[PDB]
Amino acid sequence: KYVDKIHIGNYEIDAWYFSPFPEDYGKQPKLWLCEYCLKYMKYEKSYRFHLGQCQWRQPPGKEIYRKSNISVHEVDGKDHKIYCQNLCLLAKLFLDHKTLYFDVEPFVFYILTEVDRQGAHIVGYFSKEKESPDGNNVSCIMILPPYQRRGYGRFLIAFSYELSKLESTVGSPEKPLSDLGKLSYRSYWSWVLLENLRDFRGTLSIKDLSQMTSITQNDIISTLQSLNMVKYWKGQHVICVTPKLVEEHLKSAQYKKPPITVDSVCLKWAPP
């Protein structure tokens, strides 16, 4: 009765939440999605027919990042409305709190793919308001279940701050965050701030760290509080840490997986 399982590419994936695909699509045992254009179909036969006809082998929009077989496409919701609506309905399967599926024109979408000889395979994405009155640099961020906890979420969160740096602005993801999203941001912020605290020593203020990382002062403070690296003096949070305590944190299992890194040399983008 609601969609509860999808087939996309070589994966079958169970749903986590309701998504408002048309009612008729929910009635089927599975929903079949083209992994390139994201069209959703009701039958294995209409899916197989589509696979032989469809000419897409990557997302639409512009490839703004490519390094080896990792790529990011920027897709404006006004230029590619149907693709973006399809992506939003797919994402809502895994996001409890996303509420926008059809009115995609105010958004830009950054689609992460991993490329082989067959084409560019969607891993996840994040959406971002073209104009955010609140300074949100991510609206929703979703990594499909088979790629979760494998470094792709870390890449996309880093990528989102790389755009913010290019815009000379700080940014924070729109709340509420998902459960995975919270853990992932907390770990990313800790990593970035600890690595900057290692490389300086260093007369870095919180404002300094915000300008260097595009992480907001508030998210830096809440992170530094969770690491017990801040003292408070007459109304001001101030950094307080030894080089050694910084290394103790970084030696921990959390920060030991080799990251897929965002190479600024491979990013092609300027503020619109």
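So that there is no doubt, residue numbering starts at 1 and follows the sequence shown.
Averaging the C-alpha B factors as listed in the entry, name the stretch that ends up higher: 249-257 or 15-23.
According to the entry, 249-257 carries the higher average C-alpha B-factor.
Could you check which stretch, 153-161 or 169-177, carries the larger mean CA temperature factor in the entry?
That would be 169-177.
Which one of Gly124, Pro106, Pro133, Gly119 shows the biggest C-alpha B-factor in the PDB entry?
Spelled out: the listed residue with the top C-alpha B-factor is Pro133.
So if I compare the CA B-factors in the entry for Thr203, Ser68, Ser46, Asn218, which one is the largest?
Result of the comparison over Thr203, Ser68, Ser46, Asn218: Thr203.
For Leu93, does the deposited CA B-factor place it in the lowest, middle or highest third of the chain?
Answer is lowest: the recorded C-alpha B-factor places it there.
If you rank every modelled residue in this chain by C-alpha B factor, which third holds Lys207: lowest, middle or highest?
Highest third of the chain for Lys207's C-alpha B-factor.
Determine, from the deposited record, the chain-internal third of the Cα B-factor for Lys244: lowest, middle or highest.
Its C-alpha B-factor belongs to the highest third of this chain's values.
Comparing against every modelled residue in the chain, figure out the third that the C-alpha B-factor of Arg57 lands in (lowest, middle or highest).
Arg57: CA B-factor falls in the middle third of its chain.
Name the third of the chain's ranked CA B-factors that contains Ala270, choosing lowest, middle or highest.
Highest third of the chain for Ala270's C-alpha B-factor.
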